[PDB]
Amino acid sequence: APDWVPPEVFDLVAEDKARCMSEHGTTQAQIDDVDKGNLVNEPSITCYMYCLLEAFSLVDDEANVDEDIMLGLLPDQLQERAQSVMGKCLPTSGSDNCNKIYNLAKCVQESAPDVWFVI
């Protein structure tokens, strides 16, 4: 079945994934849950998401998204969708970096459930 995500990403993120899970107490079960579109404002999962974004320069130290870098990572068929979604979902806000990413995740997942994923 079609999947926009390219296979190369998985090995590329492996080291950071392991580190981020360890740092924040994230379980694979929590990742599975958010991947299926189920998310709650639990730091062990929200901080994991922040951690991974940060690792790949997709956010700054205050969880502001670098839209150009994000766009650069996405395939051509997703560009306009991403700009539309980002139009809606940015700027981020929340009580802290992890909560900012929670709010962002909620917005993005709701706006584009069919393309949503978390590694």
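Here, rigid core means the biggest group of C-alpha atoms that superpose within 1.5 Å across both forms. A residue's number is simply how far along the shown sequence it sits, counting from 1.
- The segment moving more, judged by mean Cα distance from this form in 4 other deposited structures of this protein after a core overlay, is 72-80 among 43-51 and 72-80.
- The stretch that moves more in 4 other deposited structures of this protein, judged by CA deviation after a rigid core superposition and choosing between 93-101 and 10-18, is 10-18.
- Averaged over CA atoms, B-factors in the entry run higher in 89-97 than in the other of 89-97 and 44-52.
- The PDB entry records a higher mean C-alpha B factor for 73-81 than for its counterpart among 73-81 and 24-32.
- The entry lists a Cα temperature factor for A63 that places it in the lowest third of the chain's modelled residues.
- For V9, the recorded CA temperature factor ranks within the middle third of the chain's modelled residues.
- Ranked by Cα temperature factor within the chain, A18 sits in the lowest third according to the deposited record.
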